[PDB]
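All Cβ positions, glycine included, derive from the backbone under ideal geometry; neighbour counts span all protein chains shown. Just so it is clear, none of the values below were taken in a lab; they were calculated from the coordinates.
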Amino acid sequence: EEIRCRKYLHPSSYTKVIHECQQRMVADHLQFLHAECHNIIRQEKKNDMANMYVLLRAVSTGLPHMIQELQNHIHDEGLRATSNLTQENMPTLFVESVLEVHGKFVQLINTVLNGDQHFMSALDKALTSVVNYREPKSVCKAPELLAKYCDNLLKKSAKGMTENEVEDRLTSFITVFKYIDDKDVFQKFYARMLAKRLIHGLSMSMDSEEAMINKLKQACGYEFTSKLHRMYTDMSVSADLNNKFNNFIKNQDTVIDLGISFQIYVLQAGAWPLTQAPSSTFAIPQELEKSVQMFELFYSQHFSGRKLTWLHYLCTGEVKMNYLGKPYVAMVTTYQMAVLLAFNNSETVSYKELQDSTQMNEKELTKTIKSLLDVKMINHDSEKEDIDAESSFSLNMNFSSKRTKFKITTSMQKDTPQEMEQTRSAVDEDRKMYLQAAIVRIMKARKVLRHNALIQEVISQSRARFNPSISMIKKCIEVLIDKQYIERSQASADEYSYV
Amino acid sequence: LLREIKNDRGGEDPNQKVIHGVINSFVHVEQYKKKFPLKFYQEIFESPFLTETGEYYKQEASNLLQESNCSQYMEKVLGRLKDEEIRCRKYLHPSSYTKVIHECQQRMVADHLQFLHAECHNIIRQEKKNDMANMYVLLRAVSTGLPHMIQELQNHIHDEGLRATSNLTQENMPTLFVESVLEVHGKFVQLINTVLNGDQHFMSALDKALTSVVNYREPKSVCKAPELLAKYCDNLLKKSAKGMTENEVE
Amino acid sequence: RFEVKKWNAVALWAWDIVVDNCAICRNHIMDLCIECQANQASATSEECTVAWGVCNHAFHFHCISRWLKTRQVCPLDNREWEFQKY
Ligand SMILES: [Zn+2]
Ligand SMILES: [Zn+2]
Ligand SMILES: [Zn+2]
């Protein structure tokens, strides 16, 4: 028809003739094509799908049914792919499965579909619900899985990970991360894992960490990674800071003689997720008190206006067991270093003696003693190895390691599910402050609005970071009520007032 | 009546109906006196009640000060403001709703501004988002209470911007400068919205501090902010290879 | 005998700015600097002039001078120092 209207007409009537020819074969019989679009999509017939796209593109209401059918097909395919995953390698397999589905469907759209904005947006909208699979009465495991995937590939491992492979894996990972719709949770989880990787030296290369933070900044902006970049910078600077401290102690009036070594990792307070909330009023040993004092003096002289909150649960020193016929040198946290230096005083020691010397809390002291006896570095005189009122601990001289330098601490892993609960609580708190800001801004700019429009605009605005909940918005409204920043209209309870 | 309302202030719960009826009699008995119908009420009871509540909340604030930090003092003062707002509604005439509470304010918050203004530094500059909201809703009632909190917040925002937009890497200085000022602006606009009710006074303080920190002249140098913000647009609207889809640049 | 060989440590730094204080010596602005705590009454006790930068940070003149003898940036915001008062 196009040929025989080209050769038998005027160019002005080229588009009207084909418009009439279309809306007599492919718009009158729209149901006959919409009843087979589902079959040709859910079975993925290439030529039929291409022909049906070509046919239905020109008609007005031709594509939306086909777009919805392709979106449903991608939704079902993704749910089928990310359904029965082995928990041994779930974080990698989930992301690789979503990547395979995304690549296959984007190739299908870009090759036999004349790749369209609408169809690729349908793929995005299907994969958004594929990755955010809120299991019934369960939280979304997707942000935790993504953070664990990044943590697993960015950590030092003997599995074998070339830098180029990591770079391309993280380049492709963002096509999954941009679908996550829980970016507060992923940001908090990635910060929690990045803190351990940076502090404990688990990072394979800080170039990789800088690259990943750059990728997340490109994906979300310089407020998603505003604190991750500070976390990375505070560890890239600490080498120069320690060089400055060594110059400071070697440029004093007298001989400073710290005595042992010093590898301080001074970090920002608002940037890092770490805190002194699990404090125990730890008593720094005598062999570390001089170095603590010297660094406090240096930092008060060379970085004025700053106070240090010495984190002891992350300190990891090295102790030599030359008393017990030294088999090795133990990489031990300062919590257990304190009780081992109390063991230095006498072969036997009591729980009350440890509480008097190290001044630690009962739970932290119990944990340190449990970690020492698990390695069997020390032994318990009482038959009940658990702690008691006295619980006289002794020194196990029989134990000897098979290595010349064995690490007895394990803080790089076990993930502390209580810290996961705390992370989700902090996520909810930050969500509540964001919702409070949105509510106050809207109710000050407008001064009169109802529930429906307010909820819709809150959901539209806050969707870039997370998916808001009506209960959380109501909680923020109640908090503002308690802070007398908001009220409700007397004429109608649907409307809201302002102070 | 004053003694039993004071007993209500001390924790006990007296007969609300009897006290409210006796207090309401002083204004109901003058209903036929159209010329100053509340003069008897404001002469026999409301002025003695105002004197008693002033001399009671003065002692109460002095008692709160001796055993509470400024973080706890403001939450206690807000608690007693709310308790007095409630108990002056179930006991007194509506016309005395505001006169009593203005005596409750200007005995605990306005008499101790020198205590509550010396803590605007350690509260704002430590982002104590609960104590900051308490002190804001506390000093908002007093006339000359805010213009010191506003100045302390402006100093904090100025220093936060100065820390943020300093020692930036020369490779990406145009983008880092703009994004640092933007993150400071976002942080201190959401603090002002959530905590300080989003007043135009505090947002004017934010605007003044950000204008002072964007336009920071180096020693014997020119303001590089216009050049940096022109280079930002130049590098952002150019056909860069780092993605930059159009609806993101917009 | 247990000889420590290393103490790889972690500490969190936070801003400790308190009202009406000199950040370098952690002493009050009007009071003399920690360098002039010795020979307290020897001099006129006025040469410890309050130096204000263009960033509105008040230090002691001796403190900020000793700071500028090595580092040219203001301690509290890491920005270049410029005297504008005394
Ligand atoms: Zn000083
Ligand atoms: Zn001096
Ligand atoms: Zn300064």
For region B:112-133, enumerate the residues that are touching a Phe, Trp or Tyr at 6+ places or on another chain (Cβ under 9 Å) and more than 19 Å from B:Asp159 (Cβ to Cβ). B:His112, B:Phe115, B:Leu116, B:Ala133
Mind telling me which of the residues A:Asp482, A:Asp494 ends up being within 12 Å of chain B (Cβ to nearest Cβ), loosely packed, with under 15 Cβ neighbours inside 10 Å and either among the acidic types (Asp, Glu) or more than 24 Å from the chain's Cα centre (by Cα) (or both)? A:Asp482
Just wondering, is there one or more residues in region C:18-33 that are surrounded by fewer than 20 Cβ atoms within 10 Å (Cβ to Cβ) and over 27 Å from B:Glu127 (Cβ atoms)? yes
Selection from region B:82-98 of residues crowded, with 19+ Cβ neighbours inside 10 Å and either in contact with a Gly (Cβ under 9 Å, 6 or more places away or on another chain) or assigned to a helix (DSSP H, G or I) (or both) yields B:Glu84, B:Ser96
Could you grab me the full set of residues in region A:93-130 that are over 27 Å from the mean Cα position of the chain (by Cα) and of a type in the set (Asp, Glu)? A:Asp116
Could you say whether any residue in region A:324-335 is touching a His at 6+ places or on another chain (Cβ under 6 Å) and crowded, with 17+ Cβ neighbours inside 10 Å? yes
Conditions (1) surrounded by 12 or more Cβ atoms within 10 Å (Cβ to Cβ); (2) within 14 Å of chain B (Cβ to nearest Cβ) -> A:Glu457 fails only (2)
Considering residues of region A:282-320 that are at the interface with another protein chain (Cβ under 7 Å from one of its Cβ atoms) and touching a residue at least 60 places away in the same chain (Cβ under 8 Å) only, the residue surrounded by the most Cβ atoms within 10 Å (Cβ to Cβ): A:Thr316
Looking at region B:1-40 only, could you name the residues that are farther than 20 Å from B:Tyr56 by Cβ, part of a helix (DSSP H, G or I) and in contact (Cβ under 8 Å) with a residue 40 or more places away in the chain? B:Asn24, B:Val27
Where the second residue is part of a loop (DSSP other than H, G, I, E, B) and surrounded by 22 or more Cβ atoms within 10 Å (Cβ to Cβ) and the first is more than 10 Å from chain B (Cβ to nearest Cβ) and lies in region A:429-449, which pairs have Cβ atoms under 7 Å and are six or more apart or on separate chains? A:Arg431/A:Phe466
Report yes if some residue within region A:403-424 is of a type in the set (A, V, I, L, M), over 16 Å from A:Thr333 (Cβ atoms) and within 21 Å of the chain's Cα centre (by Cα); otherwise report no. yes
Residue count, region A:32-63 (criterion: part of a helix (DSSP H, G or I), out of contact with any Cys (no Cβ under 9 Å at 6 or more places or on another chain), of a type in the set (A, V, I, L, M) and closer than 22 Å to A:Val17 by Cβ): 4
Take the residues in region B:216-250 that are small (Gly, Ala, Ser) and exposed (fewer than 11 other Cβ atoms within 10 Å of the Cβ); name whichever of them is nearest to A:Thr175 (Cα to Cα). B:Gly243
Condition met for A:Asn110 (surrounded by 16 or more Cβ atoms within 10 Å (Cβ to Cβ) and under 21 Å from A:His73 (Cα atoms)): no
Filter result for C:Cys74 (surrounded by 15 or more Cβ atoms within 10 Å (Cβ to Cβ) and either away from ligand 1 (no atom under 13 Å from the Cβ) or within 14 Å of chain A (Cβ to nearest Cβ) (or both)): yes
On the basis of being of a type outside the set (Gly, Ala, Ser) and either more than 26 Å from B:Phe177 (Cα to Cα) or without any contact (Cβ under 8 Å) to a residue 40 or more places away in the chain (or both), does A:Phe248 make the cut? yes
Within region B:113-198, which helices (runs of 4 or more DSSP H) (wholly inside it) include 1 or more residues that are touching a residue at least 40 places away in the same chain (Cβ under 8 Å) and of a type in the set (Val, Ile, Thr)? B:120-124, B:129-139, B:146-164, B:173-194
Suppose we filter region C:34-43 for residues that are surrounded by 15 or more Cβ atoms within 10 Å (Cβ to Cβ) and either under 19 Å from B:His121 (Cα atoms) or away from chain A (no Cβ under 14 Å) (or both); how many remain? 1
Can you go through C:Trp81, C:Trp7 and tell me which one is under 30 Å from A:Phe406 (Cβ atoms), more than 16 Å from ligand 2 (Cβ to nearest atom) and of a type in the set (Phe, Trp, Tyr)? C:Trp7
Meets criteria (over 30 Å from A:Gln276 (Cβ atoms), within 15 Å of ligand 1 (Cβ to nearest atom), within 14 Å of chain A (Cβ to nearest Cβ) and surrounded by fewer than 17 Cβ atoms within 10 Å (Cβ to Cβ)) for C:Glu47: no
Would a scan of region A:371-378 turn up a residue that is closer than 30 Å to A:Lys402 by Cα, among the charged types (D, E, K, R) and within 14 Å of another protein chain (Cβ to nearest Cβ)? no
For region C:4-25, which residues satisfy the criterion of being of a type in the set (D, E, K, R), over 30 Å from A:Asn322 (Cβ atoms) and within 7 Å of chain A (Cβ to nearest Cβ)? C:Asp16
Given (1) out of contact with any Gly (no Cβ under 8 Å at 6 or more places or on another chain); (2) more than 21 Å from B:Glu218 (Cβ to Cβ); (3) within 16 Å of ligand 2 (Cβ to nearest atom); (4) of a type in the set (A, V, I, L, M, F, W, C), number of the condition C:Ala23 does not satisfy: (1)
Residues that are among the small types (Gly, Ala, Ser) and more than 9 Å from ligand 1 (Cβ to nearest atom): does region C:16-25 have at least one? no
